[PDB]
$ cat upload06.cif   # mmCIF, C-alpha atoms and all ligand atoms
data_model
#
loop_
_atom_site.label_atom_id
_atom_site.label_comp_id
_atom_site.auth_asym_id
_atom_site.auth_seq_id
_atom_site.Cartn_x
_atom_site.Cartn_y
_atom_site.Cartn_z
CA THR N 6 60.36 62.76 27.01
CA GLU N 7 58.28 60.36 25.00
CA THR N 8 54.78 59.50 26.31
CA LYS N 9 55.19 56.01 28.04
CA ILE N 10 51.51 54.93 27.98
CA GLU N 11 49.08 54.06 25.21
CA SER N 12 46.32 56.44 24.23
CA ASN N 13 42.75 55.30 24.64
CA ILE N 14 41.51 58.82 23.83
CA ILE N 15 38.98 59.58 21.06
CA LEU N 16 37.76 62.81 19.53
CA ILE N 17 34.04 62.64 18.44
CA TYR N 18 32.47 65.00 15.86
CA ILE N 19 28.79 65.58 16.55
CA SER N 20 26.73 68.02 14.57
CA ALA N 21 23.75 70.07 15.79
CA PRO N 22 21.36 72.46 14.06
CA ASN N 23 21.98 75.42 16.40
CA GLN N 24 24.12 76.70 19.25
CA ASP N 25 21.36 76.19 21.86
CA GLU N 26 21.13 72.41 21.23
CA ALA N 27 24.90 72.05 20.85
CA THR N 28 25.34 73.57 24.30
CA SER N 29 22.58 71.55 26.02
CA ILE N 30 23.95 68.33 24.52
CA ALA N 31 27.55 69.21 25.56
CA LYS N 32 26.56 70.11 29.17
CA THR N 33 24.61 66.83 29.54
CA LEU N 34 27.58 64.72 28.34
CA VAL N 35 30.00 66.58 30.63
CA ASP N 36 27.69 66.52 33.67
CA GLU N 37 27.05 62.79 33.29
CA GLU N 38 30.80 62.19 32.95
CA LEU N 39 30.49 60.58 29.51
CA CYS N 40 33.27 62.86 28.30
CA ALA N 41 36.04 65.03 29.87
CA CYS N 42 35.41 68.16 27.71
CA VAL N 43 33.75 69.48 24.50
CA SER N 44 34.81 72.20 22.08
CA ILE N 45 31.98 73.84 20.13
CA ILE N 46 32.71 75.39 16.74
CA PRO N 47 30.16 77.97 15.74
CA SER N 48 28.74 79.15 12.47
CA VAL N 49 29.39 76.08 10.31
CA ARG N 50 27.67 75.48 6.89
CA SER N 51 26.38 72.00 6.03
CA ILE N 52 26.21 71.01 2.34
CA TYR N 53 24.45 67.80 1.35
CA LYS N 54 22.02 66.41 -1.27
CA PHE N 55 18.36 65.60 -0.41
CA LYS N 56 15.80 64.30 -2.87
CA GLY N 57 18.13 65.26 -5.71
CA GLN N 58 18.78 68.87 -4.63
CA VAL N 59 21.90 70.32 -3.01
CA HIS N 60 21.20 72.04 0.37
CA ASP N 61 23.26 74.60 2.31
CA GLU N 62 22.07 74.83 5.95
CA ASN N 63 23.64 76.20 9.08
CA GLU N 64 25.02 73.92 11.78
CA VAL N 65 27.24 73.86 14.90
CA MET N 66 30.00 71.27 15.40
CA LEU N 67 30.87 69.65 18.77
CA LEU N 68 34.30 68.07 19.26
CA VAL N 69 33.90 65.74 22.19
CA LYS N 70 36.94 64.31 24.02
CA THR N 71 36.55 61.01 25.85
CA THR N 72 37.78 57.38 25.98
CA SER N 73 37.21 54.55 23.46
CA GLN N 74 35.51 52.63 26.31
CA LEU N 75 32.70 55.26 26.58
CA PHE N 76 31.84 55.57 22.90
CA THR N 77 28.79 53.29 22.90
CA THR N 78 27.27 54.74 26.12
CA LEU N 79 27.81 58.30 24.86
CA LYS N 80 26.42 57.46 21.40
CA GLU N 81 23.22 56.04 23.00
CA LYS N 82 22.75 59.19 25.11
CA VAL N 83 23.23 61.47 22.15
CA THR N 84 20.81 59.49 19.99
CA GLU N 85 18.26 59.58 22.87
CA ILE N 86 18.26 63.41 23.11
CA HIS N 87 19.20 64.71 19.63
CA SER N 88 16.50 66.53 17.69
CA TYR N 89 17.61 64.86 14.39
CA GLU N 90 16.23 61.47 13.38
CA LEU N 91 19.68 60.58 12.01
CA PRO N 92 22.42 62.51 13.79
CA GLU N 93 26.13 62.45 12.93
CA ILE N 94 28.23 60.80 15.63
CA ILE N 95 31.70 59.93 14.32
CA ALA N 96 34.84 59.14 16.34
CA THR N 97 38.46 59.63 15.36
CA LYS N 98 41.41 58.14 17.26
CA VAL N 99 43.89 60.21 19.22
CA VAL N 100 47.15 58.41 18.38
CA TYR N 101 49.49 60.81 20.33
CA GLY N 102 48.90 63.01 23.38
CA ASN N 103 50.64 64.62 26.27
CA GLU N 104 50.78 62.03 29.04
CA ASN N 105 49.31 64.26 31.75
CA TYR N 106 46.28 65.01 29.54
CA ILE N 107 45.68 61.36 28.72
CA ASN N 108 45.66 60.69 32.48
CA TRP N 109 43.31 63.61 33.15
CA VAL N 110 40.72 62.36 30.62
CA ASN N 111 40.85 58.87 32.14
CA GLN N 112 40.48 60.24 35.73
CA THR N 113 37.64 62.65 34.75
CA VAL N 114 35.29 60.30 32.89
CA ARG N 115 33.07 57.61 34.41
CA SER C 12 51.68 59.25 5.05
CA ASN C 13 53.53 60.25 8.18
CA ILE C 14 51.38 63.37 8.55
CA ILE C 15 49.50 64.19 11.80
CA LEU C 16 46.93 66.81 12.73
CA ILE C 17 47.35 68.24 16.28
CA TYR C 18 44.55 69.98 18.23
CA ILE C 19 45.87 72.54 20.73
CA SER C 20 43.59 74.82 22.68
CA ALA C 21 44.47 78.37 23.85
CA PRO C 22 42.50 80.85 26.05
CA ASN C 23 42.60 83.81 23.65
CA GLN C 24 43.54 84.96 20.18
CA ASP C 25 46.82 86.64 21.28
CA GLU C 26 48.27 83.49 22.79
CA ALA C 27 46.92 81.27 19.97
CA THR C 28 48.75 83.45 17.47
CA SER C 29 52.08 83.67 19.35
CA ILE C 30 52.07 79.89 19.90
CA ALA C 31 51.33 79.23 16.18
CA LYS C 32 54.00 81.62 14.93
CA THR C 33 56.65 80.07 17.26
CA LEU C 34 55.91 76.52 16.05
CA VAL C 35 55.95 77.61 12.39
CA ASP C 36 59.12 79.71 12.77
CA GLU C 37 61.05 76.96 14.56
CA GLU C 38 59.94 74.50 11.86
CA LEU C 39 58.13 72.18 14.26
CA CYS C 40 55.17 72.27 11.86
CA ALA C 41 54.42 73.18 8.24
CA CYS C 42 51.22 75.21 8.93
CA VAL C 43 48.58 75.97 11.56
CA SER C 44 44.91 76.79 11.04
CA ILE C 45 43.44 78.90 13.87
CA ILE C 46 39.69 78.57 14.53
CA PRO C 47 38.33 81.54 16.43
CA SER C 48 35.44 81.84 18.85
CA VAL C 49 35.26 78.24 20.13
CA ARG C 50 33.35 77.34 23.38
CA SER C 51 34.92 74.99 25.92
CA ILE C 52 32.58 72.95 28.18
CA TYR C 53 34.06 71.03 31.07
CA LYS C 54 33.42 70.22 34.77
CA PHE C 55 35.61 71.83 37.49
CA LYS C 56 35.27 71.28 41.22
CA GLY C 57 31.87 69.65 40.53
CA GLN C 58 30.40 72.55 38.44
CA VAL C 59 29.93 72.64 34.66
CA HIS C 60 31.77 75.57 32.98
CA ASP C 61 31.36 77.18 29.53
CA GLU C 62 34.40 79.35 28.59
CA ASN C 63 35.98 80.85 25.47
CA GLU C 64 38.84 79.29 23.74
CA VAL C 65 40.67 79.45 20.41
CA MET C 66 41.63 76.15 18.62
CA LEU C 67 44.87 75.56 16.68
CA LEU C 68 44.92 72.76 14.09
CA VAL C 69 48.56 72.01 13.53
CA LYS C 70 49.87 70.04 10.53
CA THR C 71 53.18 68.29 10.94
CA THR C 72 54.88 64.80 10.91
CA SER C 73 54.54 62.05 13.51
CA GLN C 74 58.35 62.37 14.05
CA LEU C 75 57.94 65.91 15.34
CA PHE C 76 55.10 65.20 17.83
CA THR C 77 57.29 64.93 20.91
CA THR C 78 59.50 67.97 20.14
CA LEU C 79 56.43 70.08 19.40
CA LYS C 80 54.68 68.83 22.56
CA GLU C 81 57.67 69.87 24.69
CA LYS C 82 57.81 73.33 23.12
CA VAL C 83 54.10 73.89 23.66
CA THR C 84 54.25 72.73 27.26
CA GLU C 85 57.20 75.10 27.82
CA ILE C 86 55.41 78.24 26.60
CA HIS C 87 51.67 77.61 27.20
CA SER C 88 50.00 79.65 29.96
CA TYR C 89 47.99 76.57 31.10
CA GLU C 90 49.46 74.17 33.70
CA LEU C 91 47.88 71.28 31.81
CA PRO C 92 47.37 72.08 28.10
CA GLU C 93 45.61 69.88 25.59
CA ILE C 94 48.01 68.58 22.88
CA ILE C 95 46.31 65.69 21.05
CA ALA C 96 47.06 64.26 17.62
CA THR C 97 45.21 62.20 15.05
CA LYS C 98 46.81 60.30 12.17
CA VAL C 99 46.41 61.42 8.55
CA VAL C 100 45.83 58.09 6.82
CA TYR C 101 45.92 59.46 3.19
CA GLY C 102 46.99 62.75 1.49
CA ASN C 103 47.88 64.24 -1.84
CA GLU C 104 51.55 63.34 -2.50
CA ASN C 105 52.68 66.87 -3.30
CA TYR C 106 51.35 68.09 0.06
CA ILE C 107 52.90 65.23 2.03
CA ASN C 108 56.27 65.98 0.37
CA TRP C 109 55.92 69.71 1.19
CA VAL C 110 55.24 69.05 4.90
CA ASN C 111 58.25 66.72 5.05
CA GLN C 112 60.55 69.21 3.26
CA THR C 113 59.35 72.13 5.49
CA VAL C 114 59.64 70.64 8.98
CA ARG C 115 62.84 70.07 10.95
CA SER C 116 64.69 66.85 10.92
CA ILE L 10 36.33 46.85 14.46
CA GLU L 11 37.06 50.10 12.54
CA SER L 12 34.81 51.70 9.87
CA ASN L 13 35.56 52.51 6.23
CA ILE L 14 34.48 56.18 6.55
CA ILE L 15 37.01 59.07 6.37
CA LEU L 16 36.91 62.74 7.20
CA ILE L 17 38.96 64.94 4.76
CA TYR L 18 40.31 68.42 5.60
CA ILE L 19 40.59 70.70 2.59
CA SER L 20 41.53 74.33 2.77
CA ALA L 21 40.28 77.13 0.48
CA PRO L 22 41.11 80.87 0.21
CA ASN L 23 37.57 82.21 0.50
CA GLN L 24 33.95 81.31 1.20
CA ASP L 25 32.91 81.37 -2.51
CA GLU L 26 35.46 78.76 -3.58
CA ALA L 27 34.86 76.61 -0.43
CA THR L 28 31.18 76.51 -1.36
CA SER L 29 31.67 75.73 -5.09
CA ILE L 30 34.14 72.95 -4.24
CA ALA L 31 31.72 71.47 -1.67
CA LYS L 32 28.69 71.60 -3.96
CA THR L 33 30.66 69.94 -6.81
CA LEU L 34 31.78 67.07 -4.55
CA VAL L 35 28.26 66.62 -3.11
CA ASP L 36 26.46 66.89 -6.47
CA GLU L 37 28.83 64.38 -8.13
CA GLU L 38 28.36 62.00 -5.17
CA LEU L 39 32.08 61.86 -4.29
CA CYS L 40 31.06 62.58 -0.70
CA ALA L 41 27.90 62.38 1.47
CA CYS L 42 28.24 65.83 3.10
CA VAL L 43 30.65 68.69 3.80
CA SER L 44 30.95 70.96 6.85
CA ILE L 45 32.42 74.39 6.11
CA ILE L 46 34.16 76.35 8.87
CA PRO L 47 34.42 80.04 8.15
CA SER L 48 36.95 82.62 9.25
CA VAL L 49 40.04 80.51 9.85
CA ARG L 50 43.59 82.04 9.99
CA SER L 51 46.37 80.23 8.17
CA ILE L 52 49.94 80.61 9.55
CA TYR L 53 52.87 79.29 7.49
CA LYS L 54 56.45 80.18 6.50
CA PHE L 55 57.34 81.22 2.94
CA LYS L 56 60.82 82.24 1.76
CA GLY L 57 61.86 82.57 5.42
CA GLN L 58 59.01 84.84 6.59
CA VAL L 59 55.97 83.83 8.67
CA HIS L 60 52.61 84.67 6.94
CA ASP L 61 49.07 85.01 8.44
CA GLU L 62 46.25 84.78 5.80
CA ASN L 63 42.49 84.10 5.79
CA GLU L 64 41.21 80.69 4.84
CA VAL L 65 38.05 78.61 4.96
CA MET L 66 38.13 74.92 5.99
CA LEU L 67 36.04 72.13 4.46
CA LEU L 68 35.47 68.89 6.42
CA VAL L 69 34.39 66.32 3.84
CA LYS L 70 32.74 63.02 4.89
CA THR L 71 33.10 60.07 2.48
CA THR L 72 34.36 56.45 2.09
CA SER L 73 38.01 55.36 1.92
CA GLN L 74 37.37 53.86 -1.54
CA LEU L 75 36.55 57.32 -2.95
CA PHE L 76 39.70 59.12 -1.58
CA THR L 77 41.71 58.92 -4.82
CA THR L 78 38.87 60.01 -7.11
CA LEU L 79 37.90 62.87 -4.77
CA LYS L 80 41.51 63.96 -4.49
CA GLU L 81 41.87 64.09 -8.32
CA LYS L 82 38.66 66.17 -8.63
CA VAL L 83 39.82 68.65 -5.97
CA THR L 84 43.25 69.02 -7.58
CA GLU L 85 41.53 69.56 -11.00
CA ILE L 86 39.32 72.47 -9.78
CA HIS L 87 41.20 74.08 -6.86
CA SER L 88 42.69 77.53 -7.49
CA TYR L 89 45.86 76.62 -5.53
CA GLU L 90 48.77 74.92 -7.31
CA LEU L 91 49.36 72.88 -4.14
CA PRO L 92 46.16 72.39 -2.13
CA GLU L 93 45.92 70.54 1.20
CA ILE L 94 43.88 67.33 0.95
CA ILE L 95 44.34 65.22 4.07
CA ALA L 96 42.14 62.33 5.35
CA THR L 97 41.64 61.12 8.89
CA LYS L 98 40.03 57.79 9.79
CA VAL L 99 36.52 57.53 11.33
CA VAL L 100 37.17 54.46 13.55
CA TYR L 101 33.53 54.18 14.52
CA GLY L 102 30.22 55.94 14.39
CA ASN L 103 26.52 55.54 14.92
CA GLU L 104 25.61 52.62 12.62
CA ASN L 105 22.71 54.40 10.92
CA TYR L 106 25.02 57.27 9.92
CA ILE L 107 27.91 55.05 8.72
CA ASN L 108 25.30 53.21 6.57
CA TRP L 109 23.93 56.49 5.22
CA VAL L 110 27.36 57.70 4.06
CA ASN L 111 28.02 54.34 2.33
CA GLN L 112 24.58 54.38 0.63
CA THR L 113 24.85 58.10 -0.44
CA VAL L 114 28.19 58.10 -2.24
CA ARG L 115 28.23 56.64 -5.78
CL CL N 201 16.50 64.46 10.51
CL CL N 202 45.54 75.93 34.25
CL CL N 203 49.77 77.50 -4.58
#
$ encode --input "upload06.cif" --output "structure tokens"
Amino acid sequence: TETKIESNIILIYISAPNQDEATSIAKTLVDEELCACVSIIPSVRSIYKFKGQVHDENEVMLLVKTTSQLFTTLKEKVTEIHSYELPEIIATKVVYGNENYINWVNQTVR
Amino acid sequence: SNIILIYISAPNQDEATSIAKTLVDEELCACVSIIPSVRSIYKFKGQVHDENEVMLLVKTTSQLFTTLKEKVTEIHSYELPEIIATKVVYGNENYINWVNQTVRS
Amino acid sequence: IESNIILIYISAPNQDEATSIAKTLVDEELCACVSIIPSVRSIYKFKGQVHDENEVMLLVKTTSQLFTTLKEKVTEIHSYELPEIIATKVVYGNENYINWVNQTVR
């Protein structure tokens, strides 16, 4: 059985400097119903150039599941509370999903 | 590119591995990357939870999404599993050809 | 309206090669940043048998315009004969960060 509804689901990558902040950010977004769930990937290394030098720092990655309709409200909350001056908040589109899960995300969020 | 990347969550390493090997063996995907030690945060009956999970990243073709979804729903211990796919917009040609030659049609 | 930023998954056999690949791409300005996930298991079929090997995953952030050049660099330096270089679309992001990626790449 083919899914018979469209997907309005997005998957947002948000980075954080440590597990403590990743978790407090994820619990806030869930509690305030700005997302349905978050998966936190530990122990990630971040490589980037700053003032001409290559850096290698540790980070934690959040994968946040929500609806396209909530992106802007979620983005504003994250930028309000994030310890970084310029955090990484980037959405990808869920093109296919199991129909029951698409419905669950839509019923769970605001 | 007709390639998709599917995120599937599992409650432990044993089930993550048996799911991944079934999908690979039955040619419903070309490969799976298993990320260990992931934390799942979600609200249940009004309370916020923080539980362990293991994440599968499955690489396959858009044409196989539905067949793979049905197989996963058949064998997954969860009543409502998470089977969500994103589109691969670009890839190296040799890899795209390999995925297409590996999977069932 | 959707953004021009992509996120590229690239697999590598160990942490040393993941890191040298990422530093080369960052230093040569083919990407703005890379996130490296350690300790991944790779499951695949080869000659009829299912294998389970260690791998390391790079998530590379860059612009759609750079995909082909970045791809050619990765295929030049990667130890695998057939690496995995697959892009997904960033449909939107925080504006300051989308601007930063676009200003950081060459
Ligand atoms: Cl900062
Ligand atoms: Cl359940
Ligand atoms: Cl090879």
$ interface_residues --input "upload06.cif" --of "chain N" --to "chain L" --cutoff "8 Å" --atoms "all atoms listed in the file" --output "ChimeraX atom specification"
/N:48-54,59,80,91-98
$ interface_residues --input "upload06.cif" --of "chain C" --to "chain N" --cutoff "12 Å" --atoms "all atoms listed in the file" --output "mmCIF file with C-alpha atoms, in the frame of the given file"
data_model
loop_
_atom_site.group_PDB
_atom_site.id
_atom_site.type_symbol
_atom_site.label_atom_id
_atom_site.label_comp_id
_atom_site.auth_asym_id
_atom_site.auth_seq_id
_atom_site.Cartn_x
_atom_site.Cartn_y
_atom_site.Cartn_z
ATOM 1 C CA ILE C 14 51.380 63.370 8.550
ATOM 2 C CA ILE C 15 49.500 64.190 11.800
ATOM 3 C CA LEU C 16 46.930 66.810 12.730
ATOM 4 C CA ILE C 17 47.350 68.240 16.280
ATOM 5 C CA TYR C 18 44.550 69.980 18.230
ATOM 6 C CA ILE C 19 45.870 72.540 20.730
ATOM 7 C CA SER C 20 43.590 74.820 22.680
ATOM 8 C CA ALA C 21 44.470 78.370 23.850
ATOM 9 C CA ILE C 45 43.440 78.900 13.870
ATOM 10 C CA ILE C 46 39.690 78.570 14.530
ATOM 11 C CA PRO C 47 38.330 81.540 16.430
ATOM 12 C CA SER C 48 35.440 81.840 18.850
ATOM 13 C CA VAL C 49 35.260 78.240 20.130
ATOM 14 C CA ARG C 50 33.350 77.340 23.380
ATOM 15 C CA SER C 51 34.920 74.990 25.920
ATOM 16 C CA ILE C 52 32.580 72.950 28.180
ATOM 17 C CA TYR C 53 34.060 71.030 31.070
ATOM 18 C CA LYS C 54 33.420 70.220 34.770
ATOM 19 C CA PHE C 55 35.610 71.830 37.490
ATOM 20 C CA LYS C 56 35.270 71.280 41.220
ATOM 21 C CA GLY C 57 31.870 69.650 40.530
ATOM 22 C CA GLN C 58 30.400 72.550 38.440
ATOM 23 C CA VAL C 59 29.930 72.640 34.660
ATOM 24 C CA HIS C 60 31.770 75.570 32.980
ATOM 25 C CA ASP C 61 31.360 77.180 29.530
ATOM 26 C CA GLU C 62 34.400 79.350 28.590
ATOM 27 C CA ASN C 63 35.980 80.850 25.470
ATOM 28 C CA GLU C 64 38.840 79.290 23.740
ATOM 29 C CA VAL C 65 40.670 79.450 20.410
ATOM 30 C CA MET C 66 41.630 76.150 18.620
ATOM 31 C CA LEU C 67 44.870 75.560 16.680
ATOM 32 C CA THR C 72 54.880 64.800 10.910
ATOM 33 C CA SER C 73 54.540 62.050 13.510
ATOM 34 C CA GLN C 74 58.350 62.370 14.050
ATOM 35 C CA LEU C 75 57.940 65.910 15.340
ATOM 36 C CA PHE C 76 55.100 65.200 17.830
ATOM 37 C CA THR C 77 57.290 64.930 20.910
ATOM 38 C CA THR C 78 59.500 67.970 20.140
ATOM 39 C CA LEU C 79 56.430 70.080 19.400
ATOM 40 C CA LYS C 80 54.680 68.830 22.560
ATOM 41 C CA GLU C 81 57.670 69.870 24.690
ATOM 42 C CA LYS C 82 57.810 73.330 23.120
ATOM 43 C CA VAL C 83 54.100 73.890 23.660
ATOM 44 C CA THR C 84 54.250 72.730 27.260
ATOM 45 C CA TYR C 89 47.990 76.570 31.100
ATOM 46 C CA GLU C 90 49.460 74.170 33.700
ATOM 47 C CA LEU C 91 47.880 71.280 31.810
ATOM 48 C CA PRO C 92 47.370 72.080 28.100
ATOM 49 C CA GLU C 93 45.610 69.880 25.590
ATOM 50 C CA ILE C 94 48.010 68.580 22.880
ATOM 51 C CA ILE C 95 46.310 65.690 21.050
ATOM 52 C CA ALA C 96 47.060 64.260 17.620
ATOM 53 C CA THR C 97 45.210 62.200 15.050
ATOM 54 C CA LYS C 98 46.810 60.300 12.170
ATOM 55 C CA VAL C 99 46.410 61.420 8.550
ATOM 56 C CA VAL C 100 45.830 58.090 6.820
#
$ atom_distance --input "upload06.cif" --atom1 "atom CA of residue C:30" --atom2 "atom CA of residue C:87"
7.7 Å
$ atom_distance --input "upload06.cif" --atom1 "atom CA of residue L:19" --atom2 "atom CA of residue N:22"
22.5 Å
$ interface_residues --input "upload06.cif" --of "chain L" --to "chain C" --cutoff "6 Å" --atoms "only C-alpha atoms" --output "PDB file with C-alpha atoms, keeping the file's coordinate frame"
ATOM      1  CA  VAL L  49      40.040  80.510   9.850  1.00  0.00           C
ATOM      2  CA  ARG L  50      43.590  82.040   9.990  1.00  0.00           C
ATOM      3  CA  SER L  51      46.370  80.230   8.170  1.00  0.00           C
ATOM      4  CA  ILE L  52      49.940  80.610   9.550  1.00  0.00           C
ATOM      5  CA  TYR L  53      52.870  79.290   7.490  1.00  0.00           C
ATOM      6  CA  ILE L  94      43.880  67.330   0.950  1.00  0.00           C
ATOM      7  CA  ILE L  95      44.340  65.220   4.070  1.00  0.00           C
ATOM      8  CA  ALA L  96      42.140  62.330   5.350  1.00  0.00           C
ATOM      9  CA  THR L  97      41.640  61.120   8.890  1.00  0.00           C
TER      10      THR L  97
END
$ residues_near_ligand --input "upload06.cif" --ligand "ligand CL 203 (chain N)" --cutoff "10 Å" --atoms "only C-alpha atoms and all ligand atoms" --output "number ranges by chain"
L: 87-93
$ write_last_selection --input "upload06.cif" --atoms "C-alpha atoms" --output "PDB file, keeping the file's coordinate frame"
ATOM      1  CA  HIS L  87      41.200  74.080  -6.860  1.00  0.00           C
ATOM      2  CA  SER L  88      42.690  77.530  -7.490  1.00  0.00           C
ATOM      3  CA  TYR L  89      45.860  76.620  -5.530  1.00  0.00           C
ATOM      4  CA  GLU L  90      48.770  74.920  -7.310  1.00  0.00           C
ATOM      5  CA  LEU L  91      49.360  72.880  -4.140  1.00  0.00           C
ATOM      6  CA  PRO L  92      46.160  72.390  -2.130  1.00  0.00           C
ATOM      7  CA  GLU L  93      45.920  70.540   1.200  1.00  0.00           C
TER       8      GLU L  93
END
$ atom_distance --input "upload06.cif" --atom1 "atom CA of residue L:64" --atom2 "atom CA of residue L:27"
9.2 Å
